[PDB]
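A.B. asks: this one's a deposited entry, sequence included:
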Amino acid sequence: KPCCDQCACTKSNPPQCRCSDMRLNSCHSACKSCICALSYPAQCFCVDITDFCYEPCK
């Protein structure tokens, strides 16, 4: 499951939305571009800009 607690979206049709929340070692299953801190363990964000927000988690 890909979820997202912190979501962000530009006001526009359609909107580009990024997910700001930050995981360790890797991004969620449906993240194309994943950008992590070079360090163990690693702080990974998903920089994808999809045009809808995923739902929260847990």
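C.D. replies: All right, it came through fine. Numbering: from 1, shown residues only.
A.B. asks: which helix or which strand is home to residue 54?
C.D. replies: Per DSSP states H and E: residue 54 is located in neither a helix nor a strand.
A.B. asks: burial of it, as a residue count?
C.D. replies: The local packing of residue 54 (other CB atoms under 10 Å) involves 18 other residues. For the C-beta atoms, the positions are set from N, CA and C on the backbone; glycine is no exception.
A.B. asks: close enough to count as contact, it and residue 21?
C.D. replies: No. If you go by CB atoms under 8 Å, residue 54 and residue 21 don't touch, sitting 9.9 Å apart.
A.B. asks: what's near enough to touch residue 30?
C.D. replies: Contacts for residue 30 (CB atoms under 8 Å, 6 or more residues apart in numbering) come out as residue 2.
A.B. asks: quick one: it from residue 46, how far?
C.D. replies: For residue 30, the distance to residue 46 (CB to CB, to the nearest Å) stands at 9 Å.
A.B. asks: just to revisit the earlier point, which residues do residue 54 and residue 21 both contact?
C.D. replies: Shared contacts of residue 54 and residue 21, defined by CB under 8 Å, 6+ apart, are found at residue 4.
A.B. asks: which parts of this protein are strands?
C.D. replies: Secondary structure of the chain by DSSP state E: the strands cover 7-9, 17-24, 34-36, 43-46.
A.B. asks: would you mind confirming that residue 19 makes contact with residue 9?
C.D. replies: No. Between residue 19 and residue 9 there is no contact under CB under 8 Å: 10.0 Å.
A.B. asks: look up how far residue 2 lies from residue 29.
C.D. replies: Remark: distance between residue 29 and residue 2 (CB to CB) = 6 Å.
A.B. asks: between these two, point out the one with more neighbours.
C.D. replies: Higher neighbour count among residue 29 and residue 2: residue 2, with 15 against 7, using other CB under 10 Å.
A.B. asks: touching, that one and residue 28? I think so.
C.D. replies: Yes. The criterion here is CB under 8 Å, and residue 2 meets it with residue 28 at 4.3 Å.
A.B. asks: one step back: mind listing the shared neighbours of residue 19 and residue 9?
C.D. replies: residue 53.
A.B. asks: about what we covered before: looking at the strands of the chain, which is buried most?
C.D. replies: Neighbour counts (mean count of other CB atoms under 10 Å) averaged over each of those peak at strand 43-46, with a mean of 18.
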